[PDB]
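Novice:
6 protein chains.
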Amino acid sequence: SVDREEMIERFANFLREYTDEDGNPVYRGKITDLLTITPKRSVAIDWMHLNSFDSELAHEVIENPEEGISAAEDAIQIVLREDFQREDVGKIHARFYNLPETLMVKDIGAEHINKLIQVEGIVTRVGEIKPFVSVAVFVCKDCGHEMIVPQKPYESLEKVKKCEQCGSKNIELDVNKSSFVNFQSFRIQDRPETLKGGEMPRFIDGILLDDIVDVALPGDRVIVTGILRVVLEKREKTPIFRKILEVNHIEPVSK
Amino acid sequence: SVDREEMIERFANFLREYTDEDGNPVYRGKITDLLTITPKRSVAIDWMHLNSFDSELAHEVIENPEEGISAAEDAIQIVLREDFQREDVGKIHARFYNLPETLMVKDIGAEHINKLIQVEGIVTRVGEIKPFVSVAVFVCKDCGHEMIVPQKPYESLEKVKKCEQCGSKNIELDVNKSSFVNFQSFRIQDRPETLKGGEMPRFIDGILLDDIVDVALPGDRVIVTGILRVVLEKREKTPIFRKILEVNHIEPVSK
Amino acid sequence: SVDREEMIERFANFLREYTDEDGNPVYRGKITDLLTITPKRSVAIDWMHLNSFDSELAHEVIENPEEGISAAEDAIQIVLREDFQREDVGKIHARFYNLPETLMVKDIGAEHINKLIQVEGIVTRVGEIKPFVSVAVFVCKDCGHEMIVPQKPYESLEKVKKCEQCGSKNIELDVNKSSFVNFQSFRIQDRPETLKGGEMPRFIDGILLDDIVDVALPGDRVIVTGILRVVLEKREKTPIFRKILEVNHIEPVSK
Amino acid sequence: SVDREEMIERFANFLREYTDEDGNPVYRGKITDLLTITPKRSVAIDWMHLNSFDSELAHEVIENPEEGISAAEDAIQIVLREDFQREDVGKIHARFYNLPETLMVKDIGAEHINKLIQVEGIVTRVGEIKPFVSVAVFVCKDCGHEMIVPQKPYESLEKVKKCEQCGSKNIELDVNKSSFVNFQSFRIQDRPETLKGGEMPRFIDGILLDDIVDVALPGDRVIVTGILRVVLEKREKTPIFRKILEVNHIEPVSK
Amino acid sequence: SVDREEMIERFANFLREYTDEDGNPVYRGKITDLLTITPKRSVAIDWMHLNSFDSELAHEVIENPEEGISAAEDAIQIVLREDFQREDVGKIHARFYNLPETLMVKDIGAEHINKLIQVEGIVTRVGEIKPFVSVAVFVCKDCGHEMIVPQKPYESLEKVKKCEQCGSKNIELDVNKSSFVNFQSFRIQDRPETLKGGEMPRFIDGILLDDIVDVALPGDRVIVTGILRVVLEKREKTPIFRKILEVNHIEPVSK
Amino acid sequence: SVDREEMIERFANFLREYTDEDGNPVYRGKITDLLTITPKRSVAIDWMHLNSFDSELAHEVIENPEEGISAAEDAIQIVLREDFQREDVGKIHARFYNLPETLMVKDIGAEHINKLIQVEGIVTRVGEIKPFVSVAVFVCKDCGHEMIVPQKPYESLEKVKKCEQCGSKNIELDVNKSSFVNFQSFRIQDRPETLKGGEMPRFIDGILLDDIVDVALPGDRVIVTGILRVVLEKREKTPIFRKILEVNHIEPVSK
DNA sequence: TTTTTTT
DNA sequence: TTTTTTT
Ligand SMILES: [Zn+2]
Ligand SMILES: [Zn+2]
Ligand SMILES: [Zn+2]
Ligand SMILES: [Zn+2]
Ligand SMILES: [Zn+2]
Ligand SMILES: [Zn+2]
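Protein chains in written order, with this note's numbering: chain A, 13 to 267; chain B, 13 to 267; chain C, 13 to 267; chain D, 13 to 267; chain E, 13 to 267; chain F, 13 to 267.
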C-alpha cells in the first residue's frame, strides 16, 4: 500500500540510482535512447531489477498496475525535465517485463482482474492497425465550448450528449483537436502441448498500443505482460464477463 | 421444517460434536485445513455423517438447500470465530456430498426445482473460466451515488436504469468497486450403459463457482450434487423455463 | 348447456354408478389405481362409456372441455374425499379418449377453436422437458403482498406490473411459492400416404403436461385428444392466428 | 349508382324471380341446397344471369363489390327468413362468377383497385389453413366492458388501446367472444406459355375465407373472381403498393 | 429564366399557333386525338418544333423541366377549356422528345441533376405494374380530420405522424380517398455496341407512369427523355445519392 | 507552420514564377489547359517542383493538406483573375503528386491522420459513380429561408433539424440550389507478391470526386496521394476508428 | 411484390 | 469469449 506521490519519487530514484552488477545505471542509458535520431516511446523496465532495488514497490505495479505504471511514467517524465532539460518529449510508456508468476491462458481467473499478470502462449490472430482515440475532444456547435474526455482501448466510446457550458444537445467529436494512437487487437492461446489430452486450448484477446503495435505475427511464441481487464459479453444480458489483456509489454521467445 | 437461526447452531454443534467410529471429530480436522499454508475455501460434508447425528436437519439441506447450505456456512463461520479466534478468513463453502437419492439426468424434473439433488453422469462440455460478478456495484455519473446489487450466476444481470439518489438515468457498472468470482459452465448427460435399448441420453447444463471451477474435463465420470434451478429461455414472455444445475459439490469416479 | 355445479355431481355419479356389460364399475377400479404403491395422477375416461350413461354430458366435454374436464376433476376429487376418506392426494387429471369425430391434421379448422377434438397422425418432433409455471405466485418487494396468477401452457406469461395492495411497481416472480409442472412440446403431421400424390403435409404443434409428458418419440403413430387453441401469428401484428393442440390424452397405435 | 337498401330488395327479387331458358328459378334450387344434410354456406351467382335480369345491378357488384356482395348476402338472408321460415342458418356468402372482363395477372392495374375483377391463372402456392379473427371482441379487465371491432383479412389487426366505458388502458382480446373463420393464402401467376417474349411472368397473392378455403392445390388452373386490394410493401417506406386479391369465388378449368 | 405564368401562355400560343412546313397546326391535330373514341392522355411535343418557334422557352423545359412540363400541361388544359369547351377531360401529360443533347448512360452525372435529359440505351429489366399513390389522403381516427399529401414516385413515402386538427398521433392512410396511378420500374444500360470493347456497361434505373407504363420490354432499344433524379443512398445517413430517371417520354428505335 | 493568407500568395508566386531546367513556367502552360475547348478542372502539381522552389511550403501541404490544398486552389483562382481576366471559370482542384515518403497500405497509421500521404497499391474494387452533395442548401417550407451547409465525402450527411430564421422544424434539402459532384468509392490493398506470401494483405478504402472519378478499374496498379481520414466503425460503441483515403491525385503505373 | 406455423 | 475495415 503506497500512494502515487511517493511512488513517482521512488521510481525516479530507482531509474537514476539503480545499478546492476557492473555499476551500469542502465535506466539512464534507456532514458537516453529516448532522445536520439530514431527515438523510442517507452522504457523497458525489468521487474527483477525493480524488485532487488525496491521490492516493496515492485509488489505494487503487480497489485495495482494502473497507479504503478502511471506513476512510473510521471517518473520518467521528471528525470527528463530535470536531468536532460527536456519537456518537449511526448508521453513515454513504462513497460514492465519478466515478472515472477507466469500464468497460462487457462489459469487466468477473476483473481487477476486489474492486476498486472504475465502470460506465455502463442499468437493465433492479429487485427488491422486501427486509430484509437486516446483523448476524445468534443466540441459544441452552438457556443463552441470544448470538452476533454480520455478514452480506454477496451471500454466503449464515452461520448457526451449535453454541453457543459450552454447545455445544448448538439455536440460533435473534433478529430483534429483529439489525440490518436495506433491500436491492434490480437489473440493468444496456450500451446497445445502444455495441455492435457482432452483439453480445449483456451484463448485470450489482447490490445496493443503505440510502439508495441505490429510487433507480433500469427504463430509467434510470446510472453506478454499486461493488465487483465473485464467487460460484458457482446449481448450484455448476463452477469458473466469477457477477459481482455491490455498488454503492457510483449517479448518473443524461440522454444 | 427448520428455520435458519437454529440450523446455524445445530450445524455448529454437528461440526464440533460429530465423531465417526473412531472418535474423529473429522470436521474439526477440516476446519483445520482451512487455516494452513495452502488453505481451501470449502468444507466437504458427507451427508450420511450429518444424517446419523441429526437426520431431521439432513432432511432440510435436501428440501431447502438455499437455507441449508447458507446456514451451515454461517456455522463454519462461527466455529472459527469462537474456537480459533479467526475472523479474517473469507467465506467458506459448505459442500454436501453422498446423498441417499441419486438421480439420472433423464429423471430430473420440476419436482426437484430448488431442492438439492444428486446426479451421476458424464461431462460432455466445459466452458471458459469466466469472471462472474457475485455482487455488482453501480455508480452514478451525475451525483456519484453508489448502489449495491447482488447477482445470481444463473439469473440474468440485474441492472438499474435510474439513480436511487438524484434519479439520473446515467448509471454505469464500476468494475473495481464490484466483487468477482471464477465461474465455469459445463454439461453432463446420462451414462449410456445405464440407459435401456433405443433410448437417447438426455443432458443438463450446470454452473461451477470459486474452488470447484475447472475441476472436470470433457469425458469425466462425475457425481455432482446440486440445486436444480430454472429460468425462461430465448424470450421472456413464455411460462416455460430451462433446467440449470447449480453444482454444490462435484466428485470424480472411475467406473 | 349444463353449468359446472351439476356437471360435478353428474360426473361423480357417472364414475361410481357406471357399469359395463359385466357390471364392472371400471371407474371405481381406476380411482383405486390412484392410491396404490405406484400411483397414477389421471383417470382415463372412455367417451363412449360417458355417452352411453349420459350423452347429454358427453356432448359438453366436447363443446366445452375447459369446464367439462375441470368439473370431472372435482368429481374425482369428491369420490375420493367421500368414498375413500382421502384428501391428501394431489390433483388428478380427467383425460377423455375415444371420441366420435376423428380429424386429420389438415382438416383442423376455425370451427374447432376451443372444442375438444381427436386427431390421428405421426409425431415428427419432441421438445426438451422444461418446467412450466402453472401457477405464478408474484411477490411485492415493498409490502410483501402475494398475488396468484394461473398460467396457460400455450398463452404467453401473464405477469403483473403493479401491486394489488400498495400499488408498487416493484413486483417479482417467486419460484418457490409458485407451482411448476413438467412440459414438453411436440409436432404431428398428416401421414404423407393419405395425402395426394406430389402434395405437401400441414402439421400441428402440441403441448404435453405432467404425466403425459415424454410419452412419445419422433416417428410414433398416435391418436391424441385435445383442445384446439389459437394465438397471434408470432409477431402479434396481424389478424391471423396459430393452431396449438393442448393435449388432453395421447394413445399410440401400431398400423 | 344504387344504394344498399334497394340493392338488397332487387337481389331478393332476382333470386326468387329469375328463371333461365326452362323456367328454372335455379337460385331457389340453390337456396335449397343450403338447408339439406350436407349444407353449403354460399350461393354461387352467375353474373350473366344477374346481368340479363338486372344489368344495372350487375354493374354495381363490379364497380362496388363491398356493397354489392354484402347486399346480396342480406337478400339471401331475407329469402330464407320469409320463404322458408329459417333464421337459425348462419351467414351465407354471395359468390359471383363468370364476369365479362377476364384479366391477366400482368394486366391487373391501379384502375381495378377495389373493383371486382376476374383473373385466369395458375396456382403456384397455397398457405396453411389458419384461423382468422373476422370480429375481434375486446374485453376490459377493469370494468368488463365489451367492444366489437370487425377485422379485414388483408389489413393489419386493429386493436383498441383505451376502454370506451371507463377509459382504462387495460384491454385484452377475448378469444371465445370473438368470431373466427378459416383463412388460406395462395399465389397465382400467368403461365410462361401465355407471354409475349421479353416479359417475365407476374404473380399475385390472394386470400380465401370460409367455404372457399382449401379448394385449390399448387398446379391447378383456376379462374378466380375477387376484389383487387392494395397494401404497403412490407417496409412501408415508399408510396408504392402491393396487389392482393380478396377472392370472392374460385372455379377450376381443365385446359 | 421565365416564370410559370408566362410559360403557360407562351405554350398555349405555341400549341395553337405553330405550323410546320405545310402550315399544319399539328398540335391542334393532337389536342384533337385527345377527345376521340380511343383517347390518349398525353401530347407528344417535338423539341425542335418548340425550339424553332420559341427557343428561349425550349431552353427552359431542359433547364427547368418541373416548371416546364407542368406549365405546358396547364397550357393543354387551357386550349381545351377555351377552344373545345371541354373541362371534363382529366389531366394530360406534356411529353417532350427529340432534344439536341443525347447522352449515353455512362455520361449521366451530377451535372444533369433535375435537368431534362435524353438517353439512348437498351432495356435490361422491367418491373411489375404496381399502383402508385400519386396523391395520398390521411385520415385521423380520433377527430376524423382529412389531410392531403401529394407523393412523388422516386422519393420515399411521406406520411404524417401527428394530426393537423386535434394533434392525435393516430393517423392512417385511407386507400379509397387516395388517388393511384400505374407505375412501372425499368433498367437501361448502354447498348454494348458504341462502347469500347473493354468497358463494363453502366446502367440506370427509371420510372414510368400512367400511359407510358408497359411500353417496353427487356431487349428493346429505346430513346428516353427524362428528369435525372437523386435520393439519399441506402442508410440515408451518408451525403451520397442514387441516380433515378423519371421518364418523360420513351420511344423505340430499330438499329 | 504557415497561415493560409501567405500560402495563397506563396503559391500564386510558385505557379507563375517557377521554371524548370529549361525556363518553362510549366504551371502557366497548365493554368492555360484550363481555359481551352476541352477544359480540365484541376492543376497537377509535382511536389518536387514545389519543394525545390519552396521546400518550407511543400512541408505544409503534407503536414496540413486541408489548408495547403485549399490555399493553392485560391492561388489558382487568383492567377486566373489577374493574369487572364477570367472569373467565370468554376472551381479548380490542386492535385499534388510524386511525394517523398511513399507508404504501403499496412504501414498507414494514426500518425498520418489528416496528413497528405502517398500510397502505392493495387485496386481491388470500384463502386458506382453516385452523386455527392458537396454543398447542401437546405430550404425552409414555412418562411422560405435558405441555409448553406458544406458536406464532406467521408463524414455522414449533416442536416439541420431547425430553421435559422423562424425555427420551423420543417426543413428540406433543395436539390437544385445545392452543388453536386460525381463520387466513386474504391479499395486498394498492398500486393501480396511484394509482401511475404505468408501474410494476409491489408487494404484501405478511398474516395474519388469530380474529374478523378472513374480513373481506375479493379486490378490496376496505382500510386495515389491523399488525405488519411478517420471515422468510427459502423456500430459506434468503440473509440476505435476506420481509415479512409480521400484521394487528392491518382496515377497508374505498369510494373 | 414475398419466400412455411417454428426451426 | 469473437469471427476481421464490408456488400
Ligand atoms: Zn455549448
Ligand atoms: Zn445520481
Ligand atoms: Zn406492495
Ligand atoms: Zn373499462
Ligand atoms: Zn384529429
Ligand atoms: Zn423558417
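Note that the Cβ used here is the ideal one computed from N, Cα and C, for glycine as well.
So, is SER67/B buried or exposed, given that buried needs 16 or more other C-beta atoms within 10 angstroms?
Specialist: So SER67/B ends up on the exposed side.
Novice: Specify, as a first and last residue, the run of the alpha helix (DSSP H) that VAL236/A falls within.
Specialist: Here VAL236/A belongs to no alpha helix (DSSP H); instead the beta strand (DSSP E) covers 233–244.
Novice: Which of the residues in the region 151–172 of chain C, read from start to end, lie with their CB under 9 Å from any CB of chain B?
Specialist: Taking 9 Å as the Cβ-Cβ cut-off against chain B, the residues of the region 151–172 of chain C that qualify are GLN163, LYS164, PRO165, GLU167, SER168, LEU169, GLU170, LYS171.
Novice: Does chain E have any CB closer than 8 Å to the CB of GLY210/D?
Specialist: By this cut-off, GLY210/D is an interface position.
Novice: Beta-carbon of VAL145/F versus every beta-carbon of chain E: anything under 8 Å?
Specialist: Interface residue, yes.
Novice: Can you name the residues that DSSP bridges to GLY209/B?
Specialist: BP columns for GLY209/B are empty, so no partner.
Novice: Say yes only if the C-beta of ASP186/A is nearer than 7 Å to one or more non-hydrogen atoms of ligand 1, and no if none qualify.
Specialist: No, since every heavy atom of ligand 1 falls outside the 7 Å radius drawn around the Cβ of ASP186/A.
Novice: At what residues does the beta strand (DSSP E) containing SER146/D begin and finish?
Specialist: It spans 142–152 - the beta strand (DSSP E) in which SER146/D sits, taken as one unbroken run.
Novice: If we count the other Cβ atoms within 10 Å of its Cβ and call it buried at 16 or more, is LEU62/D buried or exposed?
Specialist: Buried is the call here.
Novice: Can you check which of these residues, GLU176/C, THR44/C, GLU33/C, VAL117/C, is closest to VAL101/C by C-alpha distance?
Specialist: Out of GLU176/C, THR44/C, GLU33/C, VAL117/C, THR44/C has the C-alpha closest to the C-alpha of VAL101/C.
Novice: Find the residues of chain C that neighbour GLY121/B, judging by a C-beta separation of less than 8 Å, and give them in chain order.
Specialist: The contacting residues are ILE141, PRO143, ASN194.
Novice: Does any residue of chain A bring its CB to less than 8 Å from the CB of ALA148/B?
Specialist: So, interface residue.
Novice: Thinking just about the alpha-carbon of each residue, which of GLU140/C, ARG233/C, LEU244/C, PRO204/C is nearest to the one in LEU220/C?
Specialist: Checked all of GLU140/C, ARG233/C, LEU244/C, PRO204/C; the closest Cα to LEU220/C is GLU140/C.
Novice: Should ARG22/B go down as buried or exposed, given a rule of 16 or more other Cβ atoms within 10 Å for buried?
Specialist: It is buried - the Cβ of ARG22/B has at least 16 other Cβ atoms within 10 Å.
Novice: If you draw a straight line from the alpha carbon of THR250/E to that of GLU167/F, how long is it in whole angstroms?
Specialist: If I take the Cα positions, the gap works out to 7 Å.
Novice: Chain E beta carbons: is any one of them nearer than 8 Å to that of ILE252/D?
Specialist: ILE252/D counts as touching chain E.
Novice: Given the structure, does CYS175/E come close to ligand 6, in the sense that its CB is under 7 Å from one of the ligand's heavy atoms?
Specialist: Because no heavy atom of ligand 6 lies under 7 Å away, the Cβ of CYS175/E does not count as near it: no.
Novice: Smallest Cα separation from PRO51/C: which of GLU248/C, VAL151/C, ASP223/C?
Specialist: For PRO51/C, the nearest C-alpha among the options comes from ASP223/C.
Novice: When the cut-off is 8 Å and only beta carbons count, does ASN126/B lie next to chain C?
Specialist: Yes, contact with chain C.
Novice: Going along chain B in order, which residues have a C-beta closer than 9 Å to the C-beta of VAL187/C?
Specialist: Result: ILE125, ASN126, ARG241, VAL242.
Novice: Does the distance from the CB of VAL38/C to the CB of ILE88/C come in under 8 Å?
Specialist: The answer is no: Cβ separation not under 8 Å.
Novice: If you follow the alpha helix (DSSP H) that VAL38/F is part of, which residue opens it and which one closes it?
Specialist: Residues 38–44.
Novice: Does any CB atom of chain F fall closer than 8 Å to the CB of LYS255/E?
Specialist: It does; some Cβ of chain F falls within 8 Å.
Novice: How far does the alpha helix (DSSP H) with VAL91/E in it extend, from its first residue to its last?
Specialist: Counting along the chain, the alpha helix (DSSP H) containing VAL91/E begins and ends at 77–93.
Novice: Nearest chain D C-beta to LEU221/E closer than 8 Å, yes or no?
Specialist: No, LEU221/E does not count as interfacial toward chain D.
Novice: Alpha carbon to alpha carbon, how far is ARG40/D from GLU29/D? Give it in angstroms, no decimals.
Specialist: Their backbone Cα atoms lie some 9 Å apart in a straight line.
Novice: Would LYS127/F pass as a contact of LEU240/F if the rule is Cβ separation under 8 Å?
Specialist: Yes.
Novice: Going by DSSP, what residues sit across from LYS164/C in a beta bridge?
Specialist: Answer is none; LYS164/C lacks a bridge partner.
Novice: Measure the alpha-carbon distance for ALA148/E versus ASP119/E and round it to whole angstroms.
Specialist: When rounded, the distance between both Cα atoms is 35 Å.
Novice: Just the C-alpha distance for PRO162/B and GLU85/A, rounded to the nearest angstrom, thanks.
Specialist: One C-alpha to the other measures close to 37 Å.
Novice: Consider the C-beta atom of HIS157/B and the heavy atoms of ligand 2; say whether any pair is separated by less than 7 Å.
Specialist: Answer for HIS157/B: yes, Cβ within range of ligand 2.
Novice: Kindly provide the ranges of any beta strand (DSSP E) runs that are 3 or more residues long and lie completely inside the region 96–120 of chain A, ordered along the chain.
Specialist: Entirely contained in the region 96–120 of chain A, the beta strand (DSSP E) runs reaching 3 residues are, in chain order, 105–109, 114–116.
Novice: Kindly give me the distance between the Cβ atoms of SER197/E and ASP217/E, rounded to whole angstroms, as I take these residues to be in contact under 8 Å.
Specialist: The pair is a contact, with the Cβ atoms about 6 Å apart (cut-off 8 Å).
Novice: Anyone know if the C-beta pair for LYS142/D and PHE195/D falls short of 8 Å?
Specialist: Yes, the Cβ-Cβ distance between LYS142/D and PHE195/D is below 8 Å.
Novice: Beta-carbon of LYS249/C versus every beta-carbon of chain D: anything under 8 Å?
Specialist: Yes, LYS249/C counts as interfacial toward chain D.
Novice: Suppose you measure from the CA of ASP232/E to the CA of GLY210/D; what does that come to, to the nearest Å?
Specialist: For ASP232/E and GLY210/D, the distance between alpha carbons rounds to 9 Å.
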